[PDB]
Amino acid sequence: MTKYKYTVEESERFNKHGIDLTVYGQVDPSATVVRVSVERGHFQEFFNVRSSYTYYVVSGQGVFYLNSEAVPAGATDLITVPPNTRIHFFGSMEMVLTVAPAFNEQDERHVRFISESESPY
C-alpha cells in the first residue's frame, strides 16, 4: 500500500544550470533527497529562503561558493548550507543532496548567472 522505494529508472532526470538532477518523486514535507551529477559546475547563483541544503560528496572534487566564500569539497565530505545563503559551485562530482524542509522552487531566488569559463574544471 505504502511506497517506500524509489528508483532511478522511474525518476525525473533533467539538466539545470549545468547539473544533472535525479528527482525520485517521493513526497515528504520534512525533506527532499535528490542525486546531483556535475561535470563542470552549477552556473547560476541562487538562495533558498526556507530550506537548508546539505550535499554529501560520493565522488570527485569541487568547490562551493557560499555567500562568495570558497569551500573546497572532496569525496566523503559533507557540505551543509543554511537557508538564505547564496550558493553556486564548480566541480566534477557525484553528490546526494538533502533539502530540508522539502524543496519548493517558490522558496528560491535567482542572484546571477555564472559564465561557464569561470569554472576551472
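Each residue number is its position in the shown sequence, starting from 1.
Which of the two stretches, 93-101 or 107-115, shows the higher mean Cα temperature factor in the record?
-> Averaged over C-alpha atoms, the B-factors run higher in 107-115.
Chain-wide C-alpha B factor ranking for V58, given as lowest, middle or highest third = CA B-factor rank for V58: middle third.
Name the third of the chain's ranked CA B-factors that contains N67, choosing lowest, middle or highest.
-> Its C-alpha B-factor, which the entry lists for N67, ranks in the middle third among residues of this chain.
Select lowest, middle or highest to describe the third in which the CA B-factor of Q26 falls within its chain in this entry.
-> According to the entry, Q26 has a C-alpha B-factor in the chain's highest third.
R40 CA temperature factor, ranked by third within the chain | Ranked within chain, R40 CA B lands in the middle tercile.
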